[PDB]
Amino acid sequence: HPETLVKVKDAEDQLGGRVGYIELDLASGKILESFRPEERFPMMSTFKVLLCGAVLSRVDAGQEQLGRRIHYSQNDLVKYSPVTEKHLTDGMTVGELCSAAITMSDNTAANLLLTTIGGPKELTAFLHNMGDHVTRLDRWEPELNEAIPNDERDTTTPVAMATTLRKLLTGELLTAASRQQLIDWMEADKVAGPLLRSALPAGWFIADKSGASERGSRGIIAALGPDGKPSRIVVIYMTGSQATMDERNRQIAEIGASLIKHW
Ligand SMILES: [Ca+2]
């Protein structure tokens, strides 16, 4: 049961590639622990939380409504669309699309939402406008999942993502209702069980979003804490490894267990 930093390094030793890690105090924003904090990693589906943050900003400004219904066709479906593929007749509201993109990592949902705001480049422009010049989205789904060995497109760094996530969840950037909706969507995450959630004790709160792409990218962003209240932000990224999805999941769970047991 090695310290958190020791486990992250151990993970990198076992997996190959690089493992990036950061841990923020929620209340203050102070970095409590880090490793490769400022090195770039593929974002993968974790950008989907950022996307919905931009959507909710439009809502706060009366430029969008969570209830606005969006219809799409069979042509619009891309691979992995467990939710959108079920609503070709009735379509889905902007809010349902965010739920699908965040809680199931629905690709088409994310593409539809990107259209509503003006595309990948317009998310990046939203991020620049809030203080994040590091993170960048350049492509749609599923092209952004190729994690070209050290390519800067569709990347972030552990420190930028964690900082951006923290502003989204706790800053005056979104209204209280909107920022509660965002964390609510993350809390309802359904496809990250084998990650940090598998190491979570009873009564703990967590809201998270996972990602996975090409060779052998894997990541998770999270707000978590004991007593049903989030008190820290954790961001883990991985890339470069040849290991299976199982091993990469397992290593993240063991980093999680270390984080918990040394809380
Ligand atoms: Ca190393």
Side-chain angles (χ1 to χ4, degrees), residues 41-59 63-127 135-148 151 153-156 161 164-165 168 178 181-195 207-215 217-221 237 245 249:
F41 288 91
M43 261 194 302
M44 306 162 298
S45 281
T46 64
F47 89 89
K48 285 164 182 169
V49 162
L50 304 187
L51 168 55
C52 285
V55 168
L56 287 163
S57 187
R58 296 183 78 246
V59 170
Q63 297 171 349
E64 184 59 286
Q65 303 78 45
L66 289 188
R68 182 161 73 90
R69 180 158 302 271
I70 297 195
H71 285 276
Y72 48 96
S73 66
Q74 193 175 323
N75 289 167
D76 305 297
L77 290 169
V78 296
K79 70 200 310 169
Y80 191 74
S81 299
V83 185
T84 46
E85 78 188 358
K86 280 186 182 69
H87 297 272
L88 293 166
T89 291
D90 58 318
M92 294 174 71
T93 63
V94 173
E96 292 171 337
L97 289 169
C98 266
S99 183
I102 292 186
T103 69
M104 293 288 305
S105 208
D106 198 290
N107 283 326
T108 300
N111 282 0
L112 292 169
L113 290 160
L114 279 171
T115 291
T116 71
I117 72 171
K121 299 168 84 284
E122 280 294 303
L123 181 48
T124 300
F126 167 80
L127 290 179
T135 306
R136 53 180 286 182
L137 190 73
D138 307 57
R139 287 174 283 183
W140 304 65
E141 290 281 3
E143 293 84 44
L144 61 86
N145 298 305
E146 47 186 285
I148 296 173
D151 173 10
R153 293 182 298 176
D154 304 312
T155 60
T156 187
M161 171 54 70
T164 285
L165 179 57
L168 283 175
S178 289
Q181 176 72 91
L182 185 59
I183 210 172
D184 273 7
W185 283 326
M186 293 177 66
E187 184 191 19
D189 189 359
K190 300 290 180 53
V191 298
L195 300 192
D208 59 7
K209 177 80 191 81
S210 55
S213 300
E214 264 254 24
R215 58 149 169 261
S217 300
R218 195 78 172 117
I220 187 173
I221 63 175
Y237 284 113
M245 175 73 81
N249 292 347

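Just the heavy atoms: all of them, side chains too, but no hydrogens, waters or symmetry mates, feed the values below. Along the sequence shown, residues are numbered consecutively beginning with 1.
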Test: salt bridge (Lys or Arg N to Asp or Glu O under 4.0 Å). Region: residues 66-75. Which pairs qualify, not counting sequence neighbours?
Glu64-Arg68
Can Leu127 and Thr164 be said to form a side-chain contact (heavy atoms from CB on, under 4.5 Å), step by step?
CA-CA 8 Å; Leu127 290 179; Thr164 285; 3.9 Å; yes
Close side-chain approach of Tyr72 and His87, heavy atoms under 4.5 Å:
yes
With rounding to the nearest 0.5 angstrom, report the CD to CG distance, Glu143 to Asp154.
9.0 Å
State the CZ-OG distance between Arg58 and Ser178, to the nearest 0.5 angstrom.
12.5 Å
Show me, pair by pair, the donor-acceptor contacts under 3.5 angstrom made by side chains of residues 108-121, not counting sequence neighbours?
residue : atom : partner : partner atom : Å
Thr108  : OG1  : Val78   : N            : 3.0
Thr108  : OG1  : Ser81   : OG           : 2.8
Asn111  : OD1  : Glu141  : N            : 3.1
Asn111  : ND2  : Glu141  : O            : 3.3
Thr115  : OG1  : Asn111  : O            : 3.4
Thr116  : OG1  : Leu113  : O            : 2.5

Less than 4.5 Å apart, side chain to side chain, heavy atoms only: is that true for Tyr80 and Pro142?
no
Over all atoms of both residues, closest heavy-atom pair of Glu96 and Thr93:
OE1-N, 3.0 Å
Mark yes or no for whether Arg218, through its side chain, and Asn249, through its backbone, hold a donor-acceptor pair below 3.5 Å.
no
May I have the step-by-step check of side-chain contact (heavy atoms from CB on, under 4.5 Å) for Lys209 and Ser105, ending in yes or no?
CA-CA 8 Å; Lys209 177 80 191 81; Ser105 208; 2.9 Å; yes
The criterion is side chain to side chain donor-acceptor pair (under 3.5 Å); which residues satisfy it with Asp189, sequence neighbours excluded?
none
Show the nearest heavy-atom pair for residues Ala54 and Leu123, with the distance to one decimal.
CB-CD1, 3.8 Å
Shortest non-hydrogen contact between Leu195 and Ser210, atoms and distance:
CD1-CB, 3.7 Å
Distance from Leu165 atom CG to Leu50 atom CG, nearest 0.5 Å?
7.5 Å
Exercise: identify the closest heavy-atom pair between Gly219 and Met44:
N-CE, 3.3 Å
Of all residues at least two apart in sequence or in a different chain, which pass the salt bridge (charged side-chain N to carboxylate O under 4.0 Å, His left out) check with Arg215?
none
Are any of the side-chain heavy atoms of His71 and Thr89 separated by less than 4.5 Å?
no
Under 4.5 Å between any side-chain heavy atoms of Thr135 and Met43, yes or no?
yes
Should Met245 and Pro194 count as side-chain neighbours, where that means a heavy-atom distance under 4.5 Å?
no
Output the distance between atom CD1 (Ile102) and atom NZ (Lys48), rounded to the nearest 0.5 Å.
10.0 Å
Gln65: side chain to side chain donor-acceptor pair (under 3.5 Å) partners, not counting sequence neighbours
none
Do the non-hydrogen side-chain atoms of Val49 and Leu182 ever get within less than 4.5 Å of each other?
yes
For the atom pair OG1 (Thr84) and CG (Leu97), what is the distance rounded to the nearest 0.5 Å?
8.0 Å
Between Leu144 and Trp140, is there a side-chain heavy-atom distance shorter than 4.5 Å?
no
Quick one: are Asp208 and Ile221 in side-chain contact, heavy atoms under 4.5 Å?
no
Tell me, with the steps shown, if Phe47 and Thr155 meet side-chain contact (heavy atoms from CB on, under 4.5 Å).
CA-CA 9 Å; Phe47 89 89; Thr155 60; over 6 Å; no
Between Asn145 and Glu214, is there a donor-acceptor pair closer than 3.5 Å when you use the side chain of the first and the backbone of the second?
no
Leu66 side, atom CG; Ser99 side, atom OG - distance, nearest 0.5 Å
11.0 Å
So, for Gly53 and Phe126, which heavy atoms are closest and what is the spacing to 0.1 Å?
O-CZ, 4.0 Å
Do you know the tightest heavy-atom contact between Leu88 and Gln74?
CD2-N, 3.7 Å
Using the side chain to side chain donor-acceptor pair (under 3.5 Å) rule, take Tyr237 and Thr156 through it: C-alpha gap first, then chi angles, then the decisive distance, then the call.
CA-CA 10 Å; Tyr237 284 113; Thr156 187; 5.5 Å; no
Salt bridge (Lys or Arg N to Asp or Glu O under 4.0 Å) contacts touching residues 74-85 (sequence neighbours left out)
none
